[PDB]
Amino acid sequence: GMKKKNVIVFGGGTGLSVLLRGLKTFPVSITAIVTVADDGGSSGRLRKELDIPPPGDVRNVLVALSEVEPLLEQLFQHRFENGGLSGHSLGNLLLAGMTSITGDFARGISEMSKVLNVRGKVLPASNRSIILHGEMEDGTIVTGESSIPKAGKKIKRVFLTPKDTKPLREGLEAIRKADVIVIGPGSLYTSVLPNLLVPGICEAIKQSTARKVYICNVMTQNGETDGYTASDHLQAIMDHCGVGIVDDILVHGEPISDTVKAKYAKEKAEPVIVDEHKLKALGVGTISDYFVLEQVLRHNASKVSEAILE
Amino acid sequence: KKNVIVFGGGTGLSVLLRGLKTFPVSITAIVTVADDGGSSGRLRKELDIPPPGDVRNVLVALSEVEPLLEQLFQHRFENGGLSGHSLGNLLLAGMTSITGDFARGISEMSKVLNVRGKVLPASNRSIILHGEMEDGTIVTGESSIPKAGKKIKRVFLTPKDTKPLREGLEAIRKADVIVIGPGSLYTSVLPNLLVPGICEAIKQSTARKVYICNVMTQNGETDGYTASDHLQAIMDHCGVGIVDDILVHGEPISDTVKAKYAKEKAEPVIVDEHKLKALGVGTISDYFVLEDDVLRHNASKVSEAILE
Ligand SMILES: NC(=O)c1ccc[n+]([C@@H]2O[C@H](COP(=O)([O-])OP(=O)(O)OC[C@H]3O[C@@H](n4cnc5c(N)ncnc54)[C@H](O)[C@@H]3O)[C@@H](O)[C@H]2O)c1
Ligand SMILES: NC(=O)c1ccc[n+]([C@@H]2O[C@H](COP(=O)([O-])OP(=O)(O)OC[C@H]3O[C@@H](n4cnc5c(N)ncnc54)[C@H](O)[C@@H]3O)[C@@H](O)[C@H]2O)c1
């Protein structure tokens with residue numbers, strides 16, 4: 001009865017999850033493509049020790065899109081505090097187990113989707129682990145998603161190995177059929193770019209005639225985007241990905257409580273200055289509004305979803 | 001539909017229940033929480049919960065889900081701290097932590113696995129099983145008892161104020177048939193029966209009470225036991241009004257199976273009819289086992305014999 005606009009979203013952990021939780025209530029068909037380059041935490045140990053892609057960002061996305069009883073949702077988010085076992089998320093372990101059974105991370109994700117009554121298609125950026133590397137300004141290379149920000153040098157660029165990393169066929173079809181393509185929100189260097197740099201994905205995005213919106217970071221991240229303005233974020237996407245990837249940039253152009261600023265300053269994070277002249281000079285549209293809530297600083301999934309569709 | 005309550009542990013209870021659920025019966029399974037070996041044991045110690053393993057298997061035996069979800073629940077990690085653990089155990093452990101209550105966790109997993117029946121733990125807290133040997137020494141822990149290389153005189157449970165669930169006692173009260181076993185005599189059947197209040201409830205019940213006797217001995221537990229030795233042990237621990245009929249495999253076993261079991265110092269339980277009659281119980285004897293190279297009860301035949 002309703003024509004649902006097809007929307008594809010690229011991201012990682014918490015930014016994607018917050019947005020999807022709201023976007024799923026709109027009249028849209030969602031495809032979420034989730035980075036498999038992380039190597040920290042429970043996800044990272046399971047990645048190394050079981051030889052599977054890191055399941056953590058996928059797990060959160062699945063929970064965000066799930067429609068199950070509150071108890072099952074808690075079960076899936078349960079984190080062991082004792083045991084070898086200590087630190088692991090039960091939902092990661094479920095994903096791990098399903099991936100072992102099927103020998104296929106993408107089939108595992110789709111089986112968990114059925115179990116969690118997920119409305120939408122969740123896909124990994126690749127069916128195998130990706131390793132993220134950072135080239136610093138001095139030319140040195142730091143390897144591993146969670147190691148890059150601890151280098152205390154400035155990132156010049158990031159890139160992925162294995163070089164013959166492949167996206168899922170379904171992923172490329174999703175981009176082809178997309179009415180809207182949303183990039184972010186998430187870490188620039190550790191979530192957005194590791195998705196966009198999968199071979200074939202930029203090419204597919206460029207050929208698409210969908211509207212392409214980049215949801216800009218609201219805060220800098222220490223060791224990743226120290227001192228970045230909004231245009232610095234967009235510039236980095238363009239330098240890695242070329243033209244035809246971003247049409248409009250969505251930015252929080254209003255102020256932030258002093259208490260929140262203070263709390264983020266303790267982690268050497270500060271607000272991303274919105275520099276409108278420089279953004280217009282990069283040739284994209286600017287969607288500026290009150291787009292964040294304090295919940296910690298998160299995007300307002302409803303306002304953002306509605307801005308990306310109106 | 002007849003109300004049937006079954007007492008057991010691991011594989012024997014699981015094999016029976018898989019068949020019995022297909023009959024017109026309402027099943028209550030009461031599962032030992034005294035085990036301390038394997039993944040179950042490590043989780044028991046490390047997370048301070050009752051051992052989830054025997055319950056996991058019972059839940060899978062009664063489940064009605066797609067084969068994939070069943071495999072997921074039975075998945076065992078081979079690498080990782082994590083290695084050796086069953087994902088189904090981990091699921092029960094997580095649910096128990098969230099609800100702070102093992103029985104409620106089991107009931108939540110029952111809904112998720114579309115379980116046909118009520119699965120209850122023997123108690124909502126861990127039970128420690130102790131074995132007093134003939135020499136008077138005590139060996140503590142379910143998985144240590146058989147390794148003692150001495151002969152068991154009796155077993156008993158701590159904590160002393162171990163309590164069964166109210167729902168368990170109701171189940172016994174309402175039962176039309178009460179089935180004891182199959183399972184290890186000293187590490188599955190007795191640890192269920194000895195929970196304070198359970199034998200009293202069974203004795204008060206007028207339900208028919210059938211004991212499914214072990215087909216094979218177990219080294220370090222029931223070496224040399226006849227069928228009457230098994231029943232006598234139940235009677236010595238539990239008194240009268242617990243067993244009306246004993247169900248036994250009175251027919252022979254393939255030589256290759258005997259040989260495979262003899263490698264583990266296990267041998268067939270000799271059915272001594274005269275001594276069984278002397279203990280005052282009825283004997284239901286038939287071909288009740290099937291052969292992998294492993295020896296299991298024929299759930300269908302057994303189910304039908306106990307419902308007659
Ligand atoms: N979640 C969203 O809708 C949202 C929106 C826009 C941008 N982003 C961007 O994604 C990037 C990565 O985000 P993130 O997941 O690391 O979140 P974050 O930058 O808001 O906080 C960092 C993460 O570590 C913890 N944390 C560290 N510092 C914190 C702080 N000062 N206050 C509260 N929690 C803190 C939190 O658990 C959080 O997940 C950030 O630059 C952020 O601005 C997220
Ligand atoms: N499952 C049933 O329907 C059933 C039937 C009759 C008796 N029982 C009794 O319950 C008691 C304990 O049962 P159990 O689970 O330890 O079963 P078991 O006695 O058949 O074998 C021991 C366990 O280790 C394995 N195993 C060890 N030795 C084996 C052998 N050599 N050949 C094949 N498999 C072997 C089995 O899979 C089993 O889990 C035994 O006395 C047994 O006879 C169970």
# chains A, B, ... in the order shown; residues from 1 in each chain; ligands from 1
>>> residues_around(residues="residue 66 of chain A", least_positions_apart="6", cutoff="8 Å", atoms="only C-alpha atoms", output="list in words")
residues 113, 116, 117, 118 and 119 of chain A
>>> residues_around(residues="residue 10 of chain B", least_positions_apart="3", cutoff="7 Å", atoms="only C-alpha atoms", output="list in words")
residues 13, 14, 54 and 57 of chain B
>>> residues_around(residues="segment 204-206 of chain B", least_positions_apart="5", cutoff="12 Å", atoms="only C-alpha atoms", output="PDB file with C-alpha atoms, in the first residue's frame")
ATOM      1  CA  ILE B   5       6.480 -36.509  36.115  1.00  0.00           C
ATOM      2  CA  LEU B 169       5.875 -30.611  44.740  1.00  0.00           C
ATOM      3  CA  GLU B 170       2.564 -29.667  43.046  1.00  0.00           C
ATOM      4  CA  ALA B 171       3.611 -31.673  40.006  1.00  0.00           C
ATOM      5  CA  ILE B 172       4.120 -34.791  42.159  1.00  0.00           C
ATOM      6  CA  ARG B 173       0.779 -34.226  43.883  1.00  0.00           C
ATOM      7  CA  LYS B 174      -1.044 -33.996  40.511  1.00  0.00           C
ATOM      8  CA  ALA B 175       0.870 -36.820  38.808  1.00  0.00           C
ATOM      9  CA  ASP B 176      -0.932 -39.828  37.310  1.00  0.00           C
ATOM     10  CA  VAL B 177       2.427 -41.532  36.616  1.00  0.00           C
ATOM     11  CA  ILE B 178       5.777 -40.992  38.387  1.00  0.00           C
ATOM     12  CA  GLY B 197      10.311 -33.213  50.725  1.00  0.00           C
ATOM     13  CA  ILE B 198      10.450 -35.155  47.444  1.00  0.00           C
ATOM     14  CA  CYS B 199      10.255 -38.669  48.879  1.00  0.00           C
ATOM     15  CA  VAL B 240       8.728 -47.412  51.066  1.00  0.00           C
ATOM     16  CA  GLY B 241       6.132 -46.071  48.650  1.00  0.00           C
ATOM     17  CA  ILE B 242       8.662 -44.781  46.096  1.00  0.00           C
ATOM     18  CA  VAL B 243       8.710 -47.599  43.504  1.00  0.00           C
ATOM     19  CA  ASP B 244       5.726 -49.841  42.521  1.00  0.00           C
TER      20      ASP B 244
END
>>> residues_around(residues="residue 136 of chain A", least_positions_apart="3", cutoff="10 Å", atoms="only C-alpha atoms", output="number ranges by chain")
A: 133, 139-142, 148, 151-158
>>> residues_around(residues="residue 87 of chain B", least_positions_apart="6", cutoff="8 Å", atoms="only C-alpha atoms", output="PyMOL selection string")
(chain A and resi 93-94+97) or (chain B and resi 72-77)
>>> write_last_selection(atoms="N, CA and C atoms", output="mmCIF file, in the first residue's frame")
data_model
loop_
_atom_site.group_PDB
_atom_site.id
_atom_site.type_symbol
_atom_site.label_atom_id
_atom_site.label_comp_id
_atom_site.auth_asym_id
_atom_site.auth_seq_id
_atom_site.Cartn_x
_atom_site.Cartn_y
_atom_site.Cartn_z
ATOM 1 N N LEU A 93 28.605 -14.125 21.181
ATOM 2 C CA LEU A 93 28.808 -15.568 21.244
ATOM 3 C C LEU A 93 27.741 -16.269 20.401
ATOM 4 N N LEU A 94 26.509 -15.782 20.438
ATOM 5 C CA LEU A 94 25.481 -16.335 19.555
ATOM 6 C C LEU A 94 25.881 -16.213 18.082
ATOM 7 N N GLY A 97 28.644 -18.568 17.188
ATOM 8 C CA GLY A 97 28.163 -19.934 17.055
ATOM 9 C C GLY A 97 27.423 -20.213 15.763
ATOM 10 N N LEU B 72 22.318 -24.552 17.180
ATOM 11 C CA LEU B 72 22.893 -23.368 17.818
ATOM 12 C C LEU B 72 22.959 -23.576 19.335
ATOM 13 N N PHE B 73 21.861 -24.073 19.871
ATOM 14 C CA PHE B 73 21.717 -24.308 21.292
ATOM 15 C C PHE B 73 22.676 -25.377 21.781
ATOM 16 N N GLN B 74 23.009 -26.332 20.922
ATOM 17 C CA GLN B 74 23.928 -27.426 21.270
ATOM 18 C C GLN B 74 25.368 -27.172 20.827
ATOM 19 N N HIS B 75 25.635 -26.010 20.232
ATOM 20 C CA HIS B 75 26.976 -25.658 19.772
ATOM 21 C C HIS B 75 27.985 -25.624 20.905
ATOM 22 N N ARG B 76 29.160 -26.207 20.668
ATOM 23 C CA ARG B 76 30.241 -26.257 21.638
ATOM 24 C C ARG B 76 31.479 -25.582 21.074
ATOM 25 N N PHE B 77 31.981 -24.542 21.723
ATOM 26 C CA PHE B 77 33.149 -23.842 21.235
ATOM 27 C C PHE B 77 34.392 -24.705 21.383
#
>>> interface_residues(of="chain B", to="chain A", cutoff="8 Å", atoms="only C-alpha atoms", output="PyMOL selection string")
chain B and resi 43+46-47+71-72+75+77+79-82+87+90-91+94-95+98
>>> decode(residues="segment 149-175 of chain B", atoms="N, CA and C atoms", output="short mmCIF file (atom, residue, chain, number, x, y, z; two decimals), in the first residue's frame")
data_model
loop_
_atom_site.label_atom_id
_atom_site.label_comp_id
_atom_site.auth_asym_id
_atom_site.auth_seq_id
_atom_site.Cartn_x
_atom_site.Cartn_y
_atom_site.Cartn_z
N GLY B 149 37.61 -45.01 43.29
CA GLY B 149 38.01 -46.40 43.30
C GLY B 149 37.70 -47.12 44.61
N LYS B 150 36.61 -46.73 45.27
CA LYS B 150 36.12 -47.47 46.44
C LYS B 150 34.66 -47.77 46.16
N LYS B 151 34.02 -48.56 47.01
CA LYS B 151 32.62 -48.90 46.81
C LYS B 151 31.74 -47.94 47.61
N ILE B 152 30.71 -47.41 46.97
CA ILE B 152 29.77 -46.49 47.60
C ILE B 152 28.89 -47.27 48.57
N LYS B 153 28.71 -46.70 49.77
CA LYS B 153 27.76 -47.20 50.77
C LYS B 153 26.49 -46.39 50.61
N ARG B 154 26.62 -45.08 50.55
CA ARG B 154 25.46 -44.21 50.31
C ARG B 154 25.86 -42.82 49.86
N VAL B 155 24.89 -42.09 49.33
CA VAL B 155 25.11 -40.71 48.95
C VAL B 155 24.18 -39.83 49.76
N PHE B 156 24.52 -38.55 49.85
CA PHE B 156 23.67 -37.55 50.50
C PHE B 156 24.02 -36.17 49.95
N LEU B 157 23.13 -35.21 50.22
CA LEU B 157 23.18 -33.88 49.65
C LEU B 157 23.47 -32.83 50.70
N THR B 158 24.23 -31.80 50.34
CA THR B 158 24.24 -30.56 51.09
C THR B 158 24.01 -29.46 50.08
N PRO B 159 23.58 -28.27 50.51
CA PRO B 159 23.24 -27.81 51.86
C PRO B 159 22.09 -28.60 52.40
N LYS B 160 22.02 -28.75 53.73
CA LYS B 160 20.96 -29.55 54.35
C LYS B 160 19.61 -28.93 54.11
N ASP B 161 19.55 -27.61 54.09
CA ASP B 161 18.25 -26.95 53.88
C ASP B 161 17.97 -26.66 52.39
N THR B 162 18.51 -27.50 51.52
CA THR B 162 18.15 -27.52 50.13
C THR B 162 16.66 -27.73 49.99
N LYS B 163 16.03 -26.92 49.15
CA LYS B 163 14.58 -26.89 48.98
C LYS B 163 14.23 -27.20 47.52
N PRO B 164 13.19 -28.01 47.29
CA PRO B 164 12.67 -28.17 45.94
C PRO B 164 11.80 -26.99 45.61
N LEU B 165 11.43 -26.83 44.35
CA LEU B 165 10.51 -25.76 43.99
C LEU B 165 9.08 -26.15 44.38
N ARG B 166 8.28 -25.16 44.79
CA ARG B 166 6.88 -25.40 45.09
C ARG B 166 6.21 -26.09 43.89
N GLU B 167 6.49 -25.61 42.66
CA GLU B 167 5.90 -26.19 41.42
C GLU B 167 6.27 -27.67 41.25
N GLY B 168 7.44 -28.06 41.72
CA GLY B 168 7.83 -29.46 41.69
C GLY B 168 6.92 -30.30 42.55
N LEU B 169 6.72 -29.87 43.79
CA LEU B 169 5.87 -30.61 44.74
C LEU B 169 4.44 -30.72 44.23
N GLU B 170 3.91 -29.63 43.66
CA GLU B 170 2.56 -29.67 43.05
C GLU B 170 2.50 -30.71 41.96
N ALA B 171 3.52 -30.72 41.10
CA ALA B 171 3.61 -31.67 40.01
C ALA B 171 3.52 -33.11 40.49
N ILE B 172 4.15 -33.43 41.62
CA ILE B 172 4.12 -34.79 42.16
C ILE B 172 2.72 -35.09 42.68
N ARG B 173 2.12 -34.10 43.33
CA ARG B 173 0.78 -34.23 43.88
C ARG B 173 -0.22 -34.56 42.78
N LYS B 174 -0.16 -33.81 41.68
CA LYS B 174 -1.04 -34.00 40.51
C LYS B 174 -0.69 -35.17 39.58
N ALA B 175 0.42 -35.85 39.80
CA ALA B 175 0.87 -36.82 38.81
C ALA B 175 -0.04 -38.06 38.74
#
